[PDB]
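Under PDB author numbering, residues 3 to 255 are what the sequence shown spells out, in order.
Down below is the structure, laid out as structure tokens.
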Amino acid sequence: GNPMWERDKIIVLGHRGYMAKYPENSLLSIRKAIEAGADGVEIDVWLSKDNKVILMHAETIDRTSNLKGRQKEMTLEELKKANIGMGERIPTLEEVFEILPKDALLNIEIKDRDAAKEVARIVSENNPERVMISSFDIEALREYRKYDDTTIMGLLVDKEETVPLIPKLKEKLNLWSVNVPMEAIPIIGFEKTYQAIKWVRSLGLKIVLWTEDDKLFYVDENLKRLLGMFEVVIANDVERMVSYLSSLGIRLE
Numbered sequence: 003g004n005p006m007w008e009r010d011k012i013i014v015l016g017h018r019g020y021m022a023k024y025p026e027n028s029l030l031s032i033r034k035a036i037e038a039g040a041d042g043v044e045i046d047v048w049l050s051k052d053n054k055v056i057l058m059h060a061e062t063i064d065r066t067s068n069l070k071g072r073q074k075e076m077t078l079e080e081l082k083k084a085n086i087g088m089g090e091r092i093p094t095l096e097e098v099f100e101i102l103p104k105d106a107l108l109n110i111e112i113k114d115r116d117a118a119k120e121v122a123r124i125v126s127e128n129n130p131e132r133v134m135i136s137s138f139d140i141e142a143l144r145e146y147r148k149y150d151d152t153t154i155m156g157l158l159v160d161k162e163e164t165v166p167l168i169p170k171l172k173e174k175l176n177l178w179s180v181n182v183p184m185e186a187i188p189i190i191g192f193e194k195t196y197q198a199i200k201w202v203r204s205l206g207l208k209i210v211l212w213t214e215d216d217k218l219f220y221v222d223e224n225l226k227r228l229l230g231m232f233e234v235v236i237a238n239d240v241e242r243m244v245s246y247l248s249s250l251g252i253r254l255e
């Protein structure tokens with residue numbers, strides 16, 4: 003189907019660019035991720051008051067920037083006025099596609115269903131084959147699918163009750179993957195998590211693994227025990243992940 007995401011090699015993306023070492027959701031972290039050997043990056047996007055797709059994880063700029071405010075209620079000039087760490091400014095999605103290699107993977111996490119239209123447009127101009135759209139918000143995935151029905155799409159899951167719904171969401175939304183947090187292993191148990199992933203894969207879905215704490219990849223060799231059950235890992239520390247996967251012999255470089 004899609005040779006950019008369907009590989010025999012494990013895909014490594016940097017979480018918010020490279021948030022273990024550089025400012026999150028910044029243009030600097032993105033370049034740094036690619037140079038450390040990431041296949042690409044995951045970013046969080048919202049829609050600004052004046053209709054620009056901007057990168058930011060939280061619903062306010064309090065925590066990562068020196069200013070305050072809800073970015074949905076602000077314009078792009080007011081936002082390019084923040085410092086998000088190391089002199090970086092809040093980037094727009096267009097700036098991200100300018101910075102990235104034209105072949106580099108981009109996992110856009112839509113945090114704002116209002117952004118779906120603009121995200122689909124920008125994406126159609128910038129080589130969609132290398133884009134994955136994901137969201138915890140099903141209505142954001144649904145809205146995205148009104149504009150673009152071919153781009154690779156992943157459902158992010160943070161609640162146990164979403165899992166039985168996956169077969170129907172797969173059909174409603176033409177899902178390629180389910181994006182699973184490593185935190186599920188402690189919270190619901192390793193074996194339950196394993197069986198759940200096995201079941202999702204039996205539906206013909208691929209698996210993206212993410213986490214808020216890269217320790218959870220390495221403790222109790224959680225990721226090693228899942229070898230063969232994931233296509234993509236989203237790592238806060240790209241260098242550590244690339245080395246680790248090299249050390250297992252499964253991913254070159």
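Built from N, CA and C at the ideal position, the CB exists for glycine as well.
Item                                                                                                                                                                             : Value
Label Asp215 either buried or exposed according to how many other C-beta atoms from any shown protein chain fall within 10 Å of its C-beta, with 16 as the threshold for buried. : exposed
With DSSP collapsed to three states, give me the class of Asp222.                                                                                                                : helix
Spell out the partners DSSP gives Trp212 in its beta bridges.                                                                                                                    : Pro183
Relative to the C-alpha of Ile189, which residue among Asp160, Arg65, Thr62 is closest?                                                                                          : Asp160
Let me know the secondary structure DSSP gives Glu111 once reduced to three states.                                                                                              : strand
Are the beta-carbon atoms of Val202 and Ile13 separated by less than 9 Å?                                                                                                        : no
Assuming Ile101 and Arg33 make a contact with CB atoms under 8 Å, what is their CB distance in whole Å?                                                                          : 6 Å
How many angstroms separate the CA atom of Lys54 from the CA atom of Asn27?                                                                                                      : 15 Å
At what residues does the alpha helix (DSSP H) containing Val244 begin and finish?                                                                                               : 240-249
Would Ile63 and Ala84 be called neighbours here (beta carbons separated by less than 9 Å)?                                                                                       : yes
Any contact between the segment 67-74 and the segment 128-138? By contact I mean 3 or more CB pairs, one from each, below 8 Å.                                                   : no
Below 9 Å between beta carbons: does that hold for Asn176 and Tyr20?                                                                                                             : no
So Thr66 packs on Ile45, CB below 8 Å; how close in whole Å?                                                                                                                     : Not confirmed; about 13 Å, so no contact.
Short of 6 Å in beta carbon distance, which residues of its chain neighbour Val133, apart from the five on each side in sequence? Order them along the chain.                    : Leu108, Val125, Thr153
Can you find the residues in the same chain that come closer than 7 Å, C-beta to C-beta, to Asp116, ignoring five residues on each side of it along the sequence?                : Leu49
Shortest alpha-carbon distance to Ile168 belongs to which of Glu185, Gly206, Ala142?                                                                                             : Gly206
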